[PDB]
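K.L.:
Here it is, the structure, as structure tokens.
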Number of protein chains: 2
Amino acid sequence: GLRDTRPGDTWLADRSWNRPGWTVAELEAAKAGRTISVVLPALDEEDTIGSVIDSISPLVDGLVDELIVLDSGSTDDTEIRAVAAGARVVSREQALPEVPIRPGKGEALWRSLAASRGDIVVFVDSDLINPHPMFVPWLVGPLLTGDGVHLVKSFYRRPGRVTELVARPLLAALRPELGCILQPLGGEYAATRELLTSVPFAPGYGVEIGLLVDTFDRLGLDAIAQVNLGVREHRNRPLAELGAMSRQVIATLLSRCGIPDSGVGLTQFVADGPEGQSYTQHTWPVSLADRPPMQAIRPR
Amino acid sequence: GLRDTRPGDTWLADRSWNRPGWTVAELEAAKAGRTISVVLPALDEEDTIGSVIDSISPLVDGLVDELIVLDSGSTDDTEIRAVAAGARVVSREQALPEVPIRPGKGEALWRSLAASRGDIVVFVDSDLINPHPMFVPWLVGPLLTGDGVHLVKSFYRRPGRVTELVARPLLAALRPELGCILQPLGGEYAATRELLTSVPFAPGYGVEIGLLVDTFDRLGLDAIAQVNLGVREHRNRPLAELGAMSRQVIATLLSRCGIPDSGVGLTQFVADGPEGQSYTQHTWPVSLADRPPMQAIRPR
Ligand SMILES: O=c1ccn([C@@H]2O[C@H](COP(=O)(O)OP(=O)(O)O)[C@@H](O)[C@H]2O)c(=O)[nH]1
Ligand SMILES: O=c1ccn([C@@H]2O[C@H](COP(=O)(O)OP(=O)(O)O)[C@@H](O)[C@H]2O)c(=O)[nH]1
Ligand SMILES: [Mn+2]
Ligand SMILES: [Mn+2]
């Protein structure tokens, strides 16, 4: 299976593989009265968001029932360019007005549960460079087929340091069953509303890993599938921010495993000059504050 | 202090700094009947080891009482080239014949406690490219001065991903007091025999971080100093091995913090081709087996 795999192919828990042979029209037939929402979280991606929407556009009013951009505080042209591309833009305020806003990606995805209605929600990063139009159908495939699958995680090929050095080694240490997950931190994935609204959402960059572990702990490995997305292009992370991202992944995973995190942010020491004559001290925030299951706030 | 610092300058626990103004001859006078051993662990570094010894050579029979290369299973010309450079080569077998050998750096450093005699032991990696001749005196300075200092950690400028993304964020999470340590994984450091023989030694690449945490837990922050080594050149780590190194750092730190590690090695999935058609599954070993305090085996 891993010795021969294609963009679309599905990996299940019991080491078994599947190469899908359906059309998108056949997949919409498999729905059986289930609705699909696509949510694109966006903080300042005016350059790429149009192209991302365009890749998913033609599925709307067919496979996809709604396409939402969750505007996470953008001050560029994200909103207007997303509207011109034919997406409904919902701000964090509009999504859930009765709860004060916290910073970070986790917050945005959590709020999008209140703004969306689909029985199935698909998340796709809005900074992807020319995403394959088959991303969404490939992600929903294993949910619409039905093996008691509740979370579909993607894997892909680089055309991350935090994934390979932090998330995956800590998973081996603390949740070794999740060692089969190739890309635990990836932003392209799909899940049932059932699962999503029943679990807490980790803050900031902890969100994906928290969901992964929460899904595993509550529903076991059989509820998780992996799908090959093929080549995944996206804008590279600036090197400065990787320490902060790692620290948050660590905080979220420790908390899921019942290990007390100090709540103390990473302090980085940045050499000011070539000789190392002076260092700039930079401390990034880390959060231990999950949001509760959406069922406790805005229940269906 | 961090806003103005020089190779040699010392950082203590109470945020206080020190710029040393002694000669190496004045430092040998400060000894007061204390012996200093330099230990160079070496697994296949025939190209660099001569130069490393040459940088420390002139201190022998003066500041340094003995200079030992701990040969960790070399099959190149490490031994003969280290002898020609004027170092005493001791194999892992010769160091401690009554205990079976385990693989890894930790093993080598632990055995070197049995092969060396100095009241103070200085460790220096043998793959350093043209190390500054003042490395050893800069490392022993804070021990010979006396503030109840038992461990001297170096920091330096790149002319690591695992340090910045794994070791330092996990320290903030689990031992936030150790957040002030710039280079927790560095191989250039000095300590008393007193401390070194009283603590367990972590296996493989866990060794430095284990010592750091063990020192902190038992003697507190005041027993640890940091010294600026300046620019530190060394051969770059091949990218493949970084996952394995991270996994071991994780295992060692978790164990020091009382957190159960699964003992399950990191499995890496290596794309065999550009499309991501097939993956090679590669699982690196991780060890949870410390060596006990040398006092329990070969006591002074
Ligand atoms: O506070 C935030 C930060 C990120 N994002 C969005 O979440 C996705 C992932 O963000 P980023 O690209 O920085 O994360 P990475 O690729 O490094 O995992 C992108 O579409 C961002 O626009 C967001 O909505 N709110
Ligand atoms: O099993 C081992 C592996 C490493 N080394 C030595 O320990 C030092 C650090 O090894 P390496 O350069 O691979 O570690 P890194 O610089 O990546 O921390 C070097 O002098 C190696 O020759 C050793 O004695 N035994
Ligand atoms: Mn991105
Ligand atoms: Mn090295």
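Here's how to read the names in the structure tokens: chain A, B, ... by the order shown, residue numbers from 1 in each chain, ligand numbers from 1 in the order shown.
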Find the spatial neighbours of range 261-272 of chain B, counting only C-alpha atoms, within a cut-off of 6 Å - ignore same-chain residues fewer than 6 positions away - and output them as a short mmCIF file (atom, residue, chain, number, x, y, z; two decimals) with C-alpha atoms, in the first residue's frame.

P.N.:
data_model
loop_
_atom_site.label_atom_id
_atom_site.label_comp_id
_atom_site.auth_asym_id
_atom_site.auth_seq_id
_atom_site.Cartn_x
_atom_site.Cartn_y
_atom_site.Cartn_z
CA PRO A 169 8.80 12.11 18.00
CA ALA A 172 5.97 8.11 19.42
CA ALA A 173 6.88 8.90 23.07
CA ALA B 251 12.94 10.11 25.95
CA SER B 278 6.16 4.95 -2.29
CA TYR B 279 7.64 5.40 1.16
CA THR B 280 10.51 3.67 2.90
CA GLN B 281 9.72 2.92 6.52
CA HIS B 282 12.70 3.55 8.78
CA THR B 283 12.55 3.05 12.58
CA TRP B 284 15.45 4.40 14.67
CA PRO B 285 16.25 2.88 18.08
CA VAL B 286 15.57 4.87 21.26
#

K.L.:
Which residues come within 10 Å of residue 29 in chain B, counting only C-alpha atoms, excluding same-chain residues fewer than 4 positions away, as a list in words?

P.N.:
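Those residues are residues 23, 24, 25, 33, 62, 63 and 144 of chain B.
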
K.L.:
Please, could you write that set of residues out with N, CA and C atoms as a compact mmCIF listing (two decimals), in the first residue's frame?

P.N.:
# COMPACT_ATOMS: atom_id res chain seq x y z
N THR B 23 45.31 35.02 33.29
CA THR B 23 46.10 34.25 32.34
C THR B 23 45.88 32.76 32.63
N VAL B 24 46.22 31.91 31.67
CA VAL B 24 46.18 30.46 31.87
C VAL B 24 47.15 30.02 32.98
N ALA B 25 48.25 30.76 33.13
CA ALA B 25 49.21 30.53 34.20
C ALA B 25 48.65 30.91 35.58
N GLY B 33 45.77 22.19 44.07
CA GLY B 33 45.81 20.73 44.17
C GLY B 33 44.65 19.99 43.50
N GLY B 62 50.41 21.38 32.36
CA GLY B 62 50.20 22.70 32.94
C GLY B 62 48.80 22.78 33.53
N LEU B 63 47.89 23.46 32.84
CA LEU B 63 46.49 23.57 33.28
C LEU B 63 45.80 22.21 33.26
N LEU B 144 37.15 26.82 38.96
CA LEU B 144 38.38 27.11 39.71
C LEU B 144 38.27 28.39 40.53

K.L.:
Pick out the residues no farther than 6 Å from ligand 3, counting only C-alpha atoms and all ligand atoms, and list them as a PDB file with N, CA and C atoms, in the first residue's frame.

P.N.:
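Listed below is the output, part_24.pdb:
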ATOM      1  N   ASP A 127      -3.598  29.539   2.379  1.00  0.00           N
ATOM      2  CA  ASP A 127      -2.297  29.948   1.843  1.00  0.00           C
ATOM      3  C   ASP A 127      -1.682  28.894   0.923  1.00  0.00           C
ATOM      4  N   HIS A 234       2.738  25.051  -0.432  1.00  0.00           N
ATOM      5  CA  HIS A 234       2.311  26.173   0.403  1.00  0.00           C
ATOM      6  C   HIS A 234       3.506  27.060   0.749  1.00  0.00           C
ATOM      7  N   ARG A 235       3.225  28.325   1.061  1.00  0.00           N
ATOM      8  CA  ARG A 235       4.255  29.290   1.454  1.00  0.00           C
ATOM      9  C   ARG A 235       5.024  28.792   2.672  1.00  0.00           C
TER      10      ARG A 235
END

K.L.:
List all protein, DNA and RNA residues that have at least one atom no more than 7 Å from any atom of ligand 1, counting only C-alpha atoms and all ligand atoms, and write them as a list in words.

P.N.:
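My answer, listing the contacting residues, is residues 40, 41, 42, 43, 44, 45, 70, 71, 72, 103, 104, 105, 108, 125, 126, 127, 185, 186, 187, 204 and 237 of chain A.
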
K.L.:
Considering only C-alpha atoms and all ligand atoms, can you say which of B:34, B:161, B:6, B:15 comes closest to ligand 2?

P.N.:
B:161

K.L.:
As an exercise, work out the distance from CA of residue 73 in chain A to CA of residue 97 in chain A in Å and give it to one decimal place.

P.N.:
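We find that CA of residue 73 in chain A and CA of residue 97 in chain A lie 14.3 Å from each other.
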